[PDB]
Amino acid sequence: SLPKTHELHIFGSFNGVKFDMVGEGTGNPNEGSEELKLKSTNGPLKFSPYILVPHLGXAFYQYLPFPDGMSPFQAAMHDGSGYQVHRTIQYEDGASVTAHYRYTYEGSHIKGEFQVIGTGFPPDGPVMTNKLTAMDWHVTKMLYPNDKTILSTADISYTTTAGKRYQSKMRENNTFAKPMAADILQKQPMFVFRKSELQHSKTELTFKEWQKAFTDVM
Amino acid sequence: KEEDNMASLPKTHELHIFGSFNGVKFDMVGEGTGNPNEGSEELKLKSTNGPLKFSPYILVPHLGXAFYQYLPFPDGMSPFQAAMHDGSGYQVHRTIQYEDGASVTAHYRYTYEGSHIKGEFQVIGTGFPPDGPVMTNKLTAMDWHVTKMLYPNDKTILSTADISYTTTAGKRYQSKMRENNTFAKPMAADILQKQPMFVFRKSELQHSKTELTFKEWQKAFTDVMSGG
Amino acid sequence: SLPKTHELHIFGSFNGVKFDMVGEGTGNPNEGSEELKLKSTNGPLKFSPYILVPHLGXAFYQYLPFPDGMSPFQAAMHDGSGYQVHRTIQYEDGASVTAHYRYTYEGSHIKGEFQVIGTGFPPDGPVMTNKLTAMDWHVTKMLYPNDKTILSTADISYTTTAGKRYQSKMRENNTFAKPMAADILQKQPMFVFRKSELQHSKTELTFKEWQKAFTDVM
Amino acid sequence: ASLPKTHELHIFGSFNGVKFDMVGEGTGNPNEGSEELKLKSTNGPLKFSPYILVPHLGXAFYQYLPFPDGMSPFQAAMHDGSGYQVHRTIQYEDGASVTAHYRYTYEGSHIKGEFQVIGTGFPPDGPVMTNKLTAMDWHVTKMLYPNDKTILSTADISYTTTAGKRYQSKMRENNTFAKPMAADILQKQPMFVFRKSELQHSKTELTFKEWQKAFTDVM
C-alpha cells in the first residue's frame with residue numbers, strides 16, 4: 001500500500017553537543033505540500049533550527065513523484081528493497097555537516113532515522129547565534145552514475161538578520177539495494193524544485209516542503 | 001513602452017573567444033544572431049590559428065554566457081538587457097572547477113554600437129590531464145543546466161552552476177562555475193526583490209576540429225509551474 | 001594516568017552494505033608507534049581494508065605527544081573532558097566518506113567507537129575490487145580556528161596493483177568539551193607525520209601507525 | 001651547465017580584472033634552498049594583498065631547491081638545459097581562484113622567470129582585495145610523480161588576517177619536464193617540501209624571502 005503516515009527521529013550533534021527530536025506527520029492526499037511536526041526530547045536547541053531544513057525536506061523522498069511515473073524512491077519503497085541517503089554539506093564559513101538517513105516501512109507507516117552531525121560552526125556565526133531567517137527556494141540536480149546510485153547536488157542559501165545570505169553546497173548519494181528501472185535512467189539530469197517553510201520555537205518545529213521534479217521548464 | 005525597449009535591443013553579434021588550454025594558445029572568431037524576447041541564439045565560429053587541441057565542449061559555458069543580451073526576465077528586461085538599453089553596461093568574470101582538478105578563469109567584455117554587439121571572451125584553462133576527456137576530445141554533449149543567481153548588492157549578480165557533460169566512455173564529466181557580473185549602475189529595485197533567480201539553459205554544439213556551430217535556449221524562472 | 005590498552009569498534013557501511021569490526025591493542029603516549037588487531041564480527045569485508053586506514057590511524061590521537069609537551073588530545077583524556085572527531089573524505093573518483101569518533105576512558109583503557117560511512121565508490125574501482133596495495137606516508141596540517149576546535153586536513157594517496165595512485169582529501173574537526181591550553185594555540189600550524197601499515201586477511205587485520213608531531217623540519 | 005646564483009622575475013596578469021605588473025631580482029643559495037627577491041610594481045602600487053602573490057614568488061624558483069640526496073629534478077633540468085614548465089591553479093575558501101603559468105630561460109647561473117598570474121572571483125570586500133592578509137603560514141608541499149616527466153604537487157596554504165581568522169587556499173600544480181627524471185628521484189615518493197615565506201614591504205618595493213627544504217620523513 002501507498003505511505004500514509006511517517007515519523008522522523010532526527011538526532012546527532014552540532015559543535016559536539018547532542019540534540020534529538022522526534023515527530024511525525026500524515027502524508028498529503030493531494031500532491032501539494034508534505035508536513036511534519038517535531039519536538040526536542042532533550043531541551044531547547046542551541047543552534048538555528050534552519051540548519052536542519054535540508055534534512056527535514058529530504059526525508060520526504062517517499063512522497064516525491066517523477067514527472068512520467070513513480071520515482072525510484074517510491075518504487076524502492078513499494079517493492080521492499082529500500083534506499084539510504086548519505087550527504088555532506090560544506091558551509092561558506094568552513095563549517096561541515098554529515099548526515100545519513102535510513103527508514104523502515106510497515107503497513108502504510110514510514111519510520112525514518114536521520115543522523116545529523118555538524119561541526120566547525122563559528123561560535124559567533126549565524127547558525128550558533130540564530131541569525132538565519134529562512135532558507136531560499138532551491139533546486140536539486142540528480143544524476144545516476146550507476147544503476148543503484150543517485151548523485152544529488154544543491155546550492156542552498158539562507159537569508160540572515162544581517163541581510164547577508166549564508167551559503168552552502170550539498171552533495172549526496174542515494175543508494176538503492178536493487179537497480180533502478182531502465183526508464184528512470186533515461187531521463188538525466190533530473191531536477192527537483194524545493195520550497196521549504198519552517199515555523200519554530202526553541203523546542204518545537206512545524207515544517208512544510210513543496211517538492212516538484214522537472215527535467216525542463218521550457 | 002515595454003515593447004519599444006525590447007525592440008531596441010541588439011539582434012546581431014560577433015564573438016572573439018581566445019586564450020589557452022594547458023598553456024597552448026587558441027583563438028576563434030565569428031558571428032550570429034539572437035532573439036532577446038525569446039531567449040535564443042546562434043553563433044558560428046572558426047579557429048584563426050589551426051585545429052583546437054581540446055574539446056570544444058569546454059567552451060560551451062562561455063559561448064552560452066556571452067549572450068546575456070538575449071535573456072529576458074519573467075516580468076520584463078533582465079538587468080543585462082536594462083544595462084545595455086541605458087548604455088551603462090556590465091562585465092562578466094567567472095571560474096570553473098573541474099572534477100579532475102582542472103580550472104578555467106574567463107572574462108567577457110563587449111562594445112555596443114547601433115544594433116550590434118562585439119564580444120571578447122578570454123578563456124584560460126589549466127590542469128587538464130593529458131589523458132582526460134577534454135584533452136582527448138571525449139566530451140559528447142553538455143547536459144541541460146540550471147544557473148542560480150543572487151544579488152549581494154545592487155551592482156552585482158553572483159551566479160553558480162553545476163555543469164556536466166556526457167563522455168564517450170559513458171561516465172559524466174562534472175564542473176562547477178562561479179560567476180560574478182559587475183554593473184556600472186544599480187539594478188532596478190524590482191529585479192532585486194526577487195531572489196534567487198534561476199535560468200534553465202539548453203546548449204547544442206556541432207563541431208569539427210576547425211569550426212563549430214552553437215545554439216542556446218535560456219529561460220529565467222523564479223519557480224516552476226504548478227500542476228501537471 | 002597514562003593509557004596502555006585500547007579497543008576499537010569500527011563500523012558503518014560502504015555503498016550501503018554494513019560492516020562491523022572490533023579489535024584491541026596497546027601503545028606508548030611518549031611516542032606514537034601503535035598497534036591494533038581487528039576482526040570482523042560479520043563475515044569478510046567486501047571492500048578494501050585500506051580504506052579504513054585513516055580512521056584506524058586517527059583513533060590513536062591519545063598516544064600523540066606534541067613537541068614541547070602534552071597534545072590537546074592527551075590533556076583532555078587526562079582531565080576527563082574529552083573530544084570528538086568528525087571528518088569527511090572526498091576521493092578522486094567521486095566517492096565520499098564521513099566518519100565520527102568518540103570514546104570513553106576507564107582505568108588506563110580506551111574504548112573507541114568509530115562510525116564510518118562511505119558511498120559512491122564505483123563498483124569497479126580499486127576500493128570495491130580490492131586493488132589498494134599500501135597507503136603513502138602523509139602529513140596532517142592542524143589549525144585552531146577557536147579554542148575548542150582543531151581543523152585538520154590531509155592529502156592521502158594509496159598505491160594500487162596497477163602501478164597508479166588513488167588520491168583523496170580529508171578534512172576533519174576535532175571538537176573539545178573544554179578549551180585547549182593557550183600554549184597549544186600559539187603554535188600553528190602543527191603538522192603530524194604519519195606512517196601507516198596494514199596486514200590483512202579476510203579473517204582479520206593487524207595495523208600499525210607511527211605518528212609524529214612537528215612545527216618545522218629545518 | 002650551471003646551477004643558480006642569480007635570478008630575475010617578471011610577474012604579471014590581473015586580479016578581479018585589473019592588470020598588475022612587477023619585475024624583480026635577487027639571489028639564492030641552491031645548497032640550502034634559500035632565496036631572496038626585491039621587486040617593485042611597474043604599473044603603480046598594488047591594489048590587492050601582496051601576500052596573494054607569495055606562492056608565485058616562493059614556488060617561482062624551484063631551481064634553488066636541492067633534494068636530500070642531491071639535485072632536485074628542477075635543478076637537474078636547469079643544469080642539462082632540457083627545462084620544465086609549471087602550471088598551477090589555486091582555489092580559495094571564498095570561491096576565488098587563480099591560474100598561473102611559469103616559464104624560464106637561463107644564462108649561466110642567471111634565471112629569468114616569466115609568470116602569468118590571473119585571479120578572479122575575490123570578493124571586493126574580502127581580505128585579498130582590502131589588503132587584510134598579514135602573513136603566510138609555513139606549509140608543506142606534497143609531490144608525486146605519476147610518470148617520469150610529471151610532478152603533480154598539492155599544498156594546503158593559509159594566511160593570517162587582521163580579523164584574526166585564517167584565509168585558506170588549495171594549490172594544485174603540474175610540472176612538466178621535457179626529459180625523464182632520474183630513477184633515484186622517482187623511487188622516493190611522496191616527496192615533501194617545507195616552506196617558510198616572509199614579506200617586508202613598501203609602495204615602490206617589497207622584499208620576499210623563501211626557505212625551502214625537501215624531506216621524505218621526519219622521524
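Every chain is numbered from 1, with letters handed out A, B, ... down the list of sequences. Values reported hereafter were calculated over all heavy atoms of this structure, with side chains retained and with hydrogens, waters and symmetry mates removed.
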Pair [X], [Y]: side-chain N/O donor-acceptor within cut-off below 3.5 Å:
{"X": "D:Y102", "Y": "D:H56", "result": "yes"}
{"X": "D:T134", "Y": "D:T160", "result": "yes"}
{"X": "C:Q167", "Y": "C:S157", "result": "no"}
{"X": "D:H7", "Y": "D:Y64", "result": "yes"}
{"X": "B:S103", "Y": "D:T99", "result": "no"}
{"X": "D:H10", "Y": "D:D21", "result": "yes"}
{"X": "B:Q97", "Y": "D:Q91", "result": "yes"}
{"X": "C:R171", "Y": "C:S152", "result": "no"}
{"X": "D:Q187", "Y": "D:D184", "result": "no"}

[Y] and [X], any side-chain heavy atoms less than 4.5 Å apart:
{"X": "D:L53", "Y": "D:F48", "value": "yes"}
{"X": "B:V104", "Y": "B:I124", "value": "no"}
{"X": "B:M142", "Y": "B:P61", "value": "yes"}
{"X": "D:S72", "Y": "D:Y62", "value": "no"}
{"X": "D:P4", "Y": "D:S109", "value": "no"}
{"X": "C:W137", "Y": "D:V218", "value": "no"}
{"X": "D:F192", "Y": "D:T141", "value": "no"}
{"X": "D:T176", "Y": "D:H87", "value": "no"}

According to the interplanar angle, ranging from 0 to 90°, do the rings of [X] and [Y] count as parallel (below 30°), tilted (30 to 60°) or perpendicular (above 60°)?
{"X": "D:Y159", "Y": "D:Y167", "answer": "tilted"}
{"X": "D:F115", "Y": "D:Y104", "answer": "perpendicular"}
{"X": "B:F21", "Y": "B:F26", "answer": "tilted"}
{"X": "D:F215", "Y": "C:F193", "answer": "tilted"}

Can you name the side chain to side chain donor-acceptor pair (under 3.5 Å) partners of [X], sequence neighbours left out?
{"X": "B:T95", "value": "none"}
{"X": "B:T156", "value": "B:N153"}
{"X": "D:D148", "value": "none"}
{"X": "C:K169", "value": "C:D155"}

Does the pair D:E32 and C:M218 meet the rule for a side chain to side chain contact (heavy atoms under 4.5 Å, CB included), with working shown?
CA-CA 10 Å; D:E32 284 125 343; C:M218 67 174 282; over 6 Å; no

Atom [atom1] of [X] and atom [atom2] of [Y]: how far apart are they, to the nearest 0.5 Å?
{"X": "D:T204", "Y": "D:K40", "atom1": "OG1", "atom2": "NZ", "value": "5.0 Å"}
{"X": "D:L57", "Y": "D:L39", "atom1": "CG", "atom2": "CG", "value": "6.0 Å"}
{"X": "B:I163", "Y": "B:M177", "atom1": "CD1", "atom2": "CE", "value": "4.5 Å"}
{"X": "C:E172", "Y": "C:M142", "atom1": "CD", "atom2": "CE", "value": "6.5 Å"}
{"X": "C:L151", "Y": "C:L143", "atom1": "CG", "atom2": "CG", "value": "6.0 Å"}
{"X": "B:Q91", "Y": "B:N180", "atom1": "CD", "atom2": "CG", "value": "9.5 Å"}

For the side chain of [X] and the backbone of [Y], is there at least one donor-acceptor N/O pair under 3.5 Å apart?
{"X": "D:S202", "Y": "D:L206", "value": "no"}
{"X": "D:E210", "Y": "D:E36", "value": "no"}
{"X": "D:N175", "Y": "D:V86", "value": "no"}

Would you sort out whether D:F12 and D:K19 count as a side chain to side chain contact (heavy atoms under 4.5 Å, CB included), showing the intermediate values?
CA-CA 7 Å; D:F12 65 95; D:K19 302 226 206 208; over 6 Å; no

Could you pull out all residues at least two apart from [X] that satisfy side chain to side chain contact (heavy atoms under 4.5 Å, CB included)?
{"X": "D:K179", "answer": "D:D80, D:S82"}
{"X": "D:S41", "answer": "D:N43, D:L46"}
{"X": "D:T216", "answer": "D:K188, D:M191"}

Any idea which heavy atoms bring [X] and [Y] closest together, and the distance?
{"X": "B:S55", "Y": "B:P133", "answer": "CB-O, 4.4 Å"}
{"X": "D:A214", "Y": "D:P68", "answer": "O-CG, 3.7 Å"}
{"X": "D:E198", "Y": "D:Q200", "answer": "OE2-NE2, 2.6 Å"}
{"X": "D:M181", "Y": "D:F177", "answer": "CE-CD1, 3.6 Å"}
{"X": "D:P190", "Y": "D:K142", "answer": "CB-CG, 4.3 Å"}
{"X": "C:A154", "Y": "C:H138", "answer": "CB-CD2, 3.9 Å"}

Could I get the full list of salt bridge (charged side-chain N to carboxylate O under 4.0 Å, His left out) partners for [X], not counting sequence neighbours?
{"X": "C:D93", "answer": "none"}
{"X": "D:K196", "answer": "C:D216"}
{"X": "D:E114", "answer": "none"}

Return each pair, listed once, that meets side chain to side chain donor-acceptor pair (under 3.5 Å) where at least one residue sits in residues 122-137 of chain B; pairs must be two or more places apart or across chains.
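Passing the test, one end in residues 122-137 of chain B: B:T136-B:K138.
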
With D:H110, which residues qualify under ring-ring contact (aromatic ring centres under 6.0 Å, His included), at least two apart?
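Scan of D:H110 (ring-ring contact (aromatic ring centres under 6.0 Å, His included), adjacent residues dropped) gives none.
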
Does the side chain to side chain contact (heavy atoms under 4.5 Å, CB included) test come out yes or no for D:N16 and D:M129, once each step is laid out?
CA-CA 9 Å; D:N16 287 358; D:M129 300 305 296; 3.6 Å; yes

Candidate pair D:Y84 and D:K149, rule side chain to side chain contact (heavy atoms under 4.5 Å, CB included), full reasoning
CA-CA 9 Å; D:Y84 64 98; D:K149 282 176 279 189; over 6 Å; no

